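> below is the sequence, then the experimental coordinates.
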Amino acid sequence: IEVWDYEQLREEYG
Amino acid sequence: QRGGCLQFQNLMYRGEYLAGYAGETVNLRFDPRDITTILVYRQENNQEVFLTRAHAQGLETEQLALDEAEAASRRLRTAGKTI
Amino acid sequence: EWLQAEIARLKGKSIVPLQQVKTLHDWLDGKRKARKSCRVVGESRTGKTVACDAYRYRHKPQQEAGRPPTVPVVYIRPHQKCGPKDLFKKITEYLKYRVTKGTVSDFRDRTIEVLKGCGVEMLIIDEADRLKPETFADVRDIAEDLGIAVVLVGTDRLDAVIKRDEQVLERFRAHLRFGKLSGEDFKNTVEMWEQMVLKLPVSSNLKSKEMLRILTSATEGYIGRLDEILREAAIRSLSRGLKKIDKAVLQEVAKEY
Amino acid sequence: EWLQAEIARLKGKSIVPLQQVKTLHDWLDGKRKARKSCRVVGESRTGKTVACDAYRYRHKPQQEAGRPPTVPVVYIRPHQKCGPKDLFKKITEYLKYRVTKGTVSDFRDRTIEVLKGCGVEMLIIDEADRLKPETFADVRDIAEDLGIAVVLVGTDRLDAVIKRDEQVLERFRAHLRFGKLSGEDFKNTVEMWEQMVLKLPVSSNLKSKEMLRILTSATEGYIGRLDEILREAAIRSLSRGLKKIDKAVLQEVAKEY
Amino acid sequence: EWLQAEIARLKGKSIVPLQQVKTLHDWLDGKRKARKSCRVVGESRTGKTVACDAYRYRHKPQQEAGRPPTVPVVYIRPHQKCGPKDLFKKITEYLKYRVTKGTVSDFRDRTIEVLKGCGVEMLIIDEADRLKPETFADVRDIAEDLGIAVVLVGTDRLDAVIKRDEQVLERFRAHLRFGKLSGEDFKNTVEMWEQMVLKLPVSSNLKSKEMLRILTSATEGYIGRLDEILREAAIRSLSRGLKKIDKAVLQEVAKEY
Amino acid sequence: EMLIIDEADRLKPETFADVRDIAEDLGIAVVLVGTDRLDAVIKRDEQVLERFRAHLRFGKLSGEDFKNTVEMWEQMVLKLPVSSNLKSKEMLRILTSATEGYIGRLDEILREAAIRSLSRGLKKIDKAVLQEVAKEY
Ligand SMILES: Nc1ncnc2c1ncn2[C@@H]1O[C@H](COP(=O)(O)OP(=O)(O)OP(=O)(O)O)[C@@H](O)[C@H]1O
Ligand SMILES: Nc1ncnc2c1ncn2[C@@H]1O[C@H](COP(=O)(O)OP(=O)(O)OP(=O)(O)O)[C@@H](O)[C@H]1O
Ligand SMILES: Nc1ncnc2c1ncn2[C@@H]1O[C@H](COP(=O)(O)OP(=O)(O)OP(=O)(O)O)[C@@H](O)[C@H]1O
Ligand SMILES: [Mg+2]
């Protein structure tokens, strides 16, 4: 199952 | 208090008319065998009159003697937890 | 698609004629003719605002070709820490007069002019306790100088504020109180919601004892909760594909409250 | 330097799909589609803010050529003793407008305009109890007037603050509670950190009974302690050259709590 | 000296055909045939003056036989606290006419005469908020009396000025917003800057994950910073005899901001 | 990288919102230093009590550790003309009852004794002069 880097989520954001 | 709250033995009470009297002092009249409901009286023209019944928010279906509420409060203060 | 029309309808809003609304309108019409100031009090989900809007939409602004509109009833709602110039700003905008820069005495003199020119008979002030204490001087002024029935609307907090000043309490003593639904009146109102507002294609028979043990416990008799709980249970039931509400799904919705 | 790369990685942060995050997103979609205001509550290390950032970082802003952004979900966090202007200032900045000097009503009017312009469906307010008591008038207003689901996030003190205003209490009544891990759920979660978060070169077998006693007494079931204990033990044990966590080195980290 | 050629190049300016520029020109072309006044808004480093200037370099003056020059687009930037005379002086001078010792009501009439004579279709007023509040009566008079589209260009303060007057707000109600770069659009733009603007003999490959982290932090999406930073890194690097920009020299630049 | 706040309990209760905010927003460790009263204040808010749990504790000197430390005061801080031999059992009994294991009393008692000693003309501390200083407590 997928787990996310909190900084990748920031980089992918609007 | 603001929003019609009363505080008594650590329990917070609200009731059907209290918010209109915020800042006034009321005589709580209570039964030590079950403090989950309190009668609230106020003074008008130097005559004490009945105001409303106040109920400890979120435990209206329970019962608590004043001794249970006091002993549990000491355990919470000793434990260091919020009340 | 059939479902998506019902899901749009259920998320909308309507005014149902109820006894408490009918009882307010027949009291406000008396105060409008007699020019008496008064207050509507009650708890925070009894539907006071819908009853006052339903009244504003009865007496519509009458129009004559070249004149300011004849507006019998004004309804306004103040912002928090409302000052005298904020109250006057809103009464002037409501009557469709644009508000220019000026001092408080300019705003006062202009508000007093437009209230006369539009022929106002009643001024309904919602959430009256957002008013700063000094503004009540201007509210009593409007009501003694002009023939205007000022209605203050609010929760019991309002009276706690009002009792701080004799001068106001005495203008605004006459009151109508909104209460909670019970007994036959709660039971009958649930059937009005089922037929008139939910319009589900299989009857949910919500007046049955097992459904009313859920609704009476969860709504505590408030019309605000009854509209919210039932629309949510209807959205959730139709989006799951059932043609009516059922005991477990209404339990799932009521568990959150 | 392979060690220094792991020390730079492990002091970082991640989001894991857990049941208490998947549950929140299914619930918040329900509130967003139905436009119903509500609150999320629970003890301070349950990870409510990560669960809400995982919501904000899904549902990304949509861009249309030269239009203002369409922003389905807004998450803001207020400063201490937040006044009406500070709430409006932050909502305006989050939708990417610069806020120019004005009176409180200029900030109010501009905020209502950008919320309605950016098509906002939901407003999430973290640490809601930093709000000054009067500002809730403006939060109730945003939710009454615009079709916006306001979500308040806080802990058990927030309820002690909400219960001081009947108007807020009867609106923000629907709620979800974040709880602590136990039994099989704490056991299963420890394996997810070992295999998805820590990335140590050999299995540390953290779910074994001799190790779960150590971790249970340390963490009390809080996800915010579990991530903290297991990052600190990984950082420390790699700086001593082991490929694992073991009984004595974990008891060294847990003896700091 | 080959090196002295390159530093003289990087110090200058150039226009890159960004989607946002294309989006403005396509929108203003609708407004130019329709003859509708409008405004362009956005943050100060987003490209607005350059995007407007590129539209002025399209639609350059015609000169058929025996006629005045036809000048479809006029563009001006007022100075600060620009009065009614100074606006007319700029419109007259942009159209190459000399002007001699007028009172303001001569400057007004000579401006209306050259705006008719040159066949002006559009008037782009950059930094519109430098206008004194009274000059908008002359801008509305130009826009109503002539068949001219006025485009006010500016920051979020421009809105604050316009909202102070109903007369203006309504002539200029329509709008387009300039916004910052993000996601794949920032990455594509950095790749375009490298090959289009920098042109160093060896590739720096700045779309590489490690380098976009430095630029995203350093620039925060403004097209302004992105350009300055990439130029300053090419200049500094070239002065030290390097063939490329690299990781260390780019961090040396970005730290100054 | 690190912010250290001494006497943390002088902070007004609301300021902790700003202390937590920084610690969470910026990669900055915040260290709160204080007495047992600090924890009595901290336990008055869950939100704070959980960001700052880890705790190192400073104790009192005892046994061999107090005895060994007395030699360091003699050979590195005092450096008197000839040696007072403060590790001897009778001088340790006087010092133990005086200081109660606190390093902030050991530093104080021995300066007060050494100043008296030198200003009266002694090349060292002795039983009676140290008892004169310790009797002030
Ligand atoms: N007669 C009614 N018909 C339909 N919906 C109603 C009626 N009365 C109340 N409601 C519904 O109840 C909810 C709350 O009603 P309302 O806003 O009037 O409460 P309120 O008394 O105004 O609250 P407050 O006192 O804080 O202003 C709304 O969803 C409203 O549509
Ligand atoms: N779902 C998750 N996946 C990964 N790490 C998590 C998750 N939830 C929490 N954490 C970790 O545990 C910590 C929990 O802190 P978090 O801010 O999420 O809790 P919180 O409830 O917001 O605290 P408070 O209520 O006091 O603000 C985070 O810093 C993160 O490192
Ligand atoms: N499309 C573009 N192509 C190349 N350079 C650009 C572009 N847009 C902006 N720049 C550069 O960015 C800097 C500022 O750009 P620009 O002058 O357009 O900002 P602006 O939005 O006009 O500023 P303001 O809004 O304050 O008037 C200048 O160095 C300019 O050359
Ligand atoms: Mg949080």
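Cool, the structure landed. Residues are numbered from 1 along each chain as shown, chains lettered A, B, ... in the order given. Ligands and ions are numbered 1, 2, ... in the order given.
> quick one: the strands in the chain?
By default, I'm working from chain A. Per DSSP state E, chain A carries strands over the ranges A:4-5.
> try again with chain C
C:38-42, C:73-76, C:122-125, C:149-154, C:175-178.
> and the second one, what does it pack against?
The one in question is strand C:73-76. In this structure, strand C:73-76 packs against helix C:48-56, helix C:84-94, strand C:122-125, with contacts taken as 3 or more Cβ pairs under 8 Å, 6 or more residues apart in numbering or on different chains; DSSP states H and E. Any C-beta I mention is one placed from the backbone N, CA and C, and that applies to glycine too.
> contacting residues around the residue of chain A found nearest ligand 3?
Nearest residue of chain A to ligand 3, counting by Cβ to the nearest ligand atom: residue A:14, 20.5 Å away. By Cβ atoms under 8 Å, 6 or more residues apart in numbering or on different chains, the contact list for residue A:14 reads D:60, D:61, D:63, D:69, D:71, E:182, E:183.
> one more time with 10 Å, if that's ok
D:56, D:57, D:60, D:61, D:62, D:63, D:69, D:71, D:96, E:182, E:183 (Cβ atoms under 10 Å, 6 or more residues apart in numbering or on different chains).
> same list, those, but as CSV with distance to residue E:110 and neighbour count please.
Output for the contacts of residue A:14, formatted as CSV (distance: Cβ to Cβ, whole Å; neighbours: other Cβ atoms under 10 Å in any protein chain shown):
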residue, distance to residue E:110, neighbour count
D:56, 57, 18
D:57, 59, 19
D:60, 54, 16
D:61, 49, 17
D:62, 49, 13
D:63, 45, 15
D:69, 44, 18
D:71, 48, 22
D:96, 42, 20
E:182, 47, 17
E:183, 51, 14
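> and which of those is nearest to ligand 3?
residue D:96 (14.5 Å).
> ok, the closest one touching residue D:69?
Yes: the criterion here is Cβ atoms under 10 Å, and residue D:96 meets it with residue D:69 at 6.7 Å.
> common neighbours of those two, please.
With Cβ under 10 Å, 6+ apart as the test, residue D:96 and residue D:69 both reach A:14, D:61, D:118, E:177, E:179.
> nearest residue to the residue of chain A closest to ligand 3 other than its sequence neighbours?
In this structure, residue A:14 finds its nearest non-sequential neighbour in residue D:61, 3.7 Å apart by Cβ to Cβ, 6 or more residues apart in numbering or on different chains.
> state the distance from that neighbour to chain B.
38 Å (Cβ to the nearest Cβ, to the nearest Å).
> ramachandran angles for that residue?
Main-chain dihedrals, residue D:61, degrees, to the nearest 10: phi -50, psi 140.
> show me what contacts it?
A:13, A:14, D:69, D:70, D:71, D:72, D:73, D:74, D:95, D:96, D:118, E:182.
> make sure the last one is actually in contact with residue E:216.
The one in question is residue E:182. Yes: in this structure, residue E:182 is within contact of residue E:216 by Cβ under 10 Å, at 9.4 Å.
> do a quick rundown of the helices in the chain.
No chain specified, so I'll use chain A. Assigned by DSSP state H, chain A shows helices spanning A:6-12.
> wrong chain, I was asking about chain B
Per DSSP H, chain B carries helices over the ranges B:66-79.
> in it, where's the longest strand?
Per DSSP E, chain B has its longest strand at strand B:47-56.
> what residues sit buried inside that strand?
By neighbour count on 16 or more other Cβ atoms under 10 Å in any protein chain shown, the buried set for strand B:47-56 is B:51, B:52, B:54, B:55, B:56.
> partner residues bridging the second one?
According to DSSP bridges, the residues that bridge with residue B:52 are residue B:40.
> which of the contacts of residue A:14 fall in helices?
D:56, E:183.
> what residues does the longest strand of chain B touch?
B:4-6, B:8-18, B:20-21, B:24, B:26-30, B:35-44, B:61-62, B:64, B:69.
> buried subset of the residues you listed, written for PyMOL?
To isolate the buried ones among those in PyMOL, judged by 16+ other Cβ under 10 Å, type:
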select buried, chain B and resi 4+5+6+11+12+13+14+15+16+17+18+20+21+26+30+35+36+38+39+40+42+64+69
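> alright, I will stop here.
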